[PDB]
Amino acid sequence: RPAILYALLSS
Amino acid sequence: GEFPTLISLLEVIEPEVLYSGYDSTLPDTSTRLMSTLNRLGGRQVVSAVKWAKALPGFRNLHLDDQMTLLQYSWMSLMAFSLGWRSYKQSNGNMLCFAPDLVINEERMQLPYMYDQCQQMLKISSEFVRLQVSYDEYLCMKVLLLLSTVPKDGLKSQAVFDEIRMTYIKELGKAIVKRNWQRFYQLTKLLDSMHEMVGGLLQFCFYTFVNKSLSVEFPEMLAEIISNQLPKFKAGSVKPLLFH
Ligand SMILES: C[C@@H]1C[C@H]2[C@@H]3CCC4=CC(=O)C=C[C@]4(C)[C@@]3(F)[C@@H](O)C[C@]2(C)[C@@]1(O)C(=O)CO
């Protein structure tokens, strides 16, 4: 799973 | 009271144009030019995650779905905006990637550049041919984000279907603000985006795997491209077409 993208979505 | 229009909201959440910081003082190579574009692209995509988030309705999707849509449509979102900026800033004559980074005739002539730049100018000249309005563009841009889904379909397909309902309505309102015939043309442009971008994705995957070319990607894009690459090999990716 694209970690940075996921991250940006979860913040 | 009177809720502000959905168009007016789209207008205010439209990201501001990023800056490349490209140093035209050093000499122009084609590895250098492409690595810049990717770095800029990385930033535009972060900017586009912010936009999707402020997007009425988008948040009601399962997180898997938000991922899927952003992964499957980033290249279309970016090329669409690029086409817009080129339309405004140069009337479709030159790629206006940023204000400090335009593509001219030297640098279309550089190795690898001409083909890929031709395709992105195609998108541009559609806006020209149809004299697309800013509001038309904004609604079309949202519909682009919602235009590619897995062949499996999404998790919360429920919410998905209603979101598309809304922005299709919105697109119609926008057509009005500027006449049955117009909505046909535009949904045909949305349809034709899948083909126009397929070539760009192909070249992207090439420059991503070709070690000899030393085209650098920001870790943002690399992570997305790496995830997308097996999914395109499997061909498990469904375009929503209007026709
Ligand atoms: C032809 C392809 C398609 C290109 C992309 C087209 C859409 C786009 C618009 C921008 O305003 C900024 C960057 C991007 C997002 C892009 F311009 C760069 O990333 C470079 C890119 C992938 C490409 O040039 C390469 O794969 C070069 O390696």
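Residues numbered from 1 in each chain as written, not as in the entry; some residues may be left out. Chains lettered and ligands numbered in written order. Heavy atoms only, no water.

Determination of this PDB entry was carried out by X-ray crystallography to a resolution of 2.4600 Å, according to the record.

**Thoughts on the layout of surface pockets**
Residue and element names in this part refer to chain B. Roughly 450 Å³ of volume is contained in the largest pocket. Around the largest pocket, the lining is made up of 22 residues, and of these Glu14, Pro15, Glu16, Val17 and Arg85 lie nearest the centre. When contributions to the lining of the largest pocket are tallied by element, the ones reaching two or more residues are α2 (30–53), α3 (63–90), β1 (96–98) and α5 (134–145). Ranked by residues supplied to the lining of the largest pocket, first place goes to α3 with seven residues. In the lining of the largest pocket, the residues fall into 13 nonpolar, four polar and five charged. Approximately 230 Å³ is the volume found for the second largest pocket. Taken together, 16 residues form the lining of the second largest pocket, with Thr68, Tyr72, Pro150, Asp152 and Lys231 sitting closest to its centre. Sorting the residues of the lining of the second largest pocket by element identifies α3 and α8 (219–233) as the ones contributing at least two each. The element that contributes the greatest number of residues to the lining of the second largest pocket is α3, accounting for six residues. Of the residues belonging to the lining of the second largest pocket, the class tally is five nonpolar, five polar and six charged. (1 Å grid on protein atoms, 1.4 Å probe; cavity = no way out; pocket = protein on both sides within 12 Å on 5 of 7 lines; lining within 4 Å. Points joined across faces, edges and corners; volume = space filled by probe spheres on them. Helix = DSSP H or I, 4+ residues; strand = E, 2+ residues; numbered from the N terminus. Nonpolar A, V, L, I, M, F, W, Y, C, P; charged D, E, K, R; others polar.)

**Notes on the interface of chain B and chain A**
In many analyses, interface size is given as the accessible surface area lost on bringing the parts together. On the chain A side, the residues contacting the 13 residues of chain B number 10 residues. Summed over both sides, the interface between chain B and chain A buries roughly 1200 Å², with carbon and sulfur atoms accounting for 74% of that surface. The residue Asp64(B) makes a salt bridge to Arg1(A) at a minimum N-O spacing of 3.2 Å. Examining the composition of the side of chain B that touches chain A, we find that six residues originate from one element, α3(B), more than from any other. Here the side of chain B that touches chain A is built from residues that sort into six nonpolar, three polar and four charged. (Contact = heavy atoms within 4.5 Å. Buried area = accessible area lost by both parts, 1.4 Å probe. Salt bridge = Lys/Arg side-chain N within 4 Å of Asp/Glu carboxyl O.)

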